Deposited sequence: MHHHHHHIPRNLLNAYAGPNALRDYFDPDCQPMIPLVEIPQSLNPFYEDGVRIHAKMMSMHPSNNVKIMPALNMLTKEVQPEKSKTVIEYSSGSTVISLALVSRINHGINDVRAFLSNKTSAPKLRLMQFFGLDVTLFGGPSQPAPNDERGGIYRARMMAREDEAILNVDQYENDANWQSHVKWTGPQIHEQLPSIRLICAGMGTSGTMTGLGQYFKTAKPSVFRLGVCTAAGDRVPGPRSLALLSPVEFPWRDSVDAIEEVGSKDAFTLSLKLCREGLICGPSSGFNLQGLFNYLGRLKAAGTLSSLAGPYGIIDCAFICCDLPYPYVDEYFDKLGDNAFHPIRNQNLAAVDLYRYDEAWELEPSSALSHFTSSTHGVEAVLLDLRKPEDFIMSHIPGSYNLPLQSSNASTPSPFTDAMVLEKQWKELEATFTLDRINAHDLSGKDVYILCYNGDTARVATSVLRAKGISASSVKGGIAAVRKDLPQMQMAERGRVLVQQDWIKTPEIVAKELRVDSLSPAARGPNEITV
């Protein structure tokens, strides 16, 4: 393995993605505050497959299937139906290891728009498919069957078919398994959610021979629910992988618990996606079933601790919006001064704000935003008055009160229409804004600059020019 984690040469990217060459995928024990069975002697370790450079667990099937199925100088296009993770990993490995840039992605039409934009981001050619979002591999109307049929014709087209290619689950027998066993020699239970079942079958078949005492717990999505990644128990019946020989028990977990635990994991420091909390909740449901039955101590080793390892599949960033939909507004701190998110949209440049000596030197027109009676009493000679209802002498600063910033910016935007700008002939000349303290003036310069007017504000407003330049006659 690369001890320095430094990769150079013409094959740096190849070795960087190589599971045997890179450091082993991190295995981190979760904190005690998140483990409700800690006092019972249960230790839960998270295999952060999201910490692979590809950021998803699908890089192991993708690496193994492409190495096995691709034909040199005979494969020019890769097609695959996926829920997102596999086709991203295929897109990267096809270019890094096989020099193939034509990767076509088949996804359900009901997949979220952020998930869809992420597919285009990685250079994928996406085709949407109606009907079931998770079609059976033998459904002739689903993308899995269509991708496999498009690969039989045009021999350059390759469909590795993650749903029924043995190289899928064999990748976890080759890498994911032999890492957890060495990282956790005292492992008593391995847990993984089943999408294609490749992860769980690989882990289950490996631990079937290596340390047969390890309990193998699979997690499926509850009937009628949906979690990105795994599938329901009904959708796992037709699959031909030996998952029935790779599991010792099955748990069913819903989507609300999955997103809840995923959120709890990310704030602890283990940044992982919804299916990771899905897998952890499945482990919680089984551990509580033995504790309720009093048989939890049967999984313990010579020392009373029970070492459990569960898979964390990907990062939660593409799913962040789904958390707010599935979970309530609780467990999310509301945004303070939320109204500002749509009422101060334009940029501010510190070069627009000038000292009174610098502004009056150029004098080009000068605009005064104070009240008309305050303007009559005293103002800079030669300046135009343009009052505002939201701004008087006693008005608090815009940047100290969220509402008056909402009022002043709106009134400034509504005041500087195309007719009023030409009414003062502001177009094509340097405009200087004057205020009481300069804060309203700086908000005004952010409105005018976005409209093409070369506006500038005087820091301190009329209060600064009187003290900095006492000799200038107000009149």
- Message: Could you spell out the stretches of the deposited sequence that were left without C-alpha coordinates, going in sequence order?
- Response: 1-9, 373-380, 493-531
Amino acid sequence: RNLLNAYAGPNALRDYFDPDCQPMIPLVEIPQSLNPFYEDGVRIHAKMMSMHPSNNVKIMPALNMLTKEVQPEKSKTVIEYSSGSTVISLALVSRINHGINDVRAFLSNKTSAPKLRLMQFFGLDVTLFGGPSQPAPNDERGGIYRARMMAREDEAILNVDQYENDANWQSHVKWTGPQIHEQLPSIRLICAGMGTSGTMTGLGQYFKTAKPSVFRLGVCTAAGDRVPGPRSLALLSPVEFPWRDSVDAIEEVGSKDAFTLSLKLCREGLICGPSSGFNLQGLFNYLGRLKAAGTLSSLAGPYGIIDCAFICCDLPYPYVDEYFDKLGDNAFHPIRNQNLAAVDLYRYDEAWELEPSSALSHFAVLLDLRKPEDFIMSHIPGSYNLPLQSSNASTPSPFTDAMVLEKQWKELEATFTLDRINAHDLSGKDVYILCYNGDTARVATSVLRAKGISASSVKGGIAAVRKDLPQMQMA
From here on, numbers count along this sequence of modelled residues.
- Task: Read off the CA B-factors in the entry, average them over 340-348 and over 290-298, and name the higher stretch.
- Result: 290-298
- Message: On mean Cα temperature factor in this entry, is 54-62 or 420-428 the higher one?
- Response: 420-428
- Considering only modelled residues of the same chain, in which third does the CA B-factor of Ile433 rank: lowest, middle or highest? middle
- Among modelled residues of the same chain, the CA temperature factor third for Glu73: highest
- Message: Considering every modelled residue of the chain and its Cα B-factor in the PDB entry, is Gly9 in the lowest, middle or highest third?
- Response: middle
- Query: Taking the C-alpha B-factors as the PDB entry records them, is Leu27 in the lowest, middle or highest third of its chain?
  - Reply: lowest
- If you rank the chain by CA B-factor, which third does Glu322 end up in: lowest, middle or highest? lowest
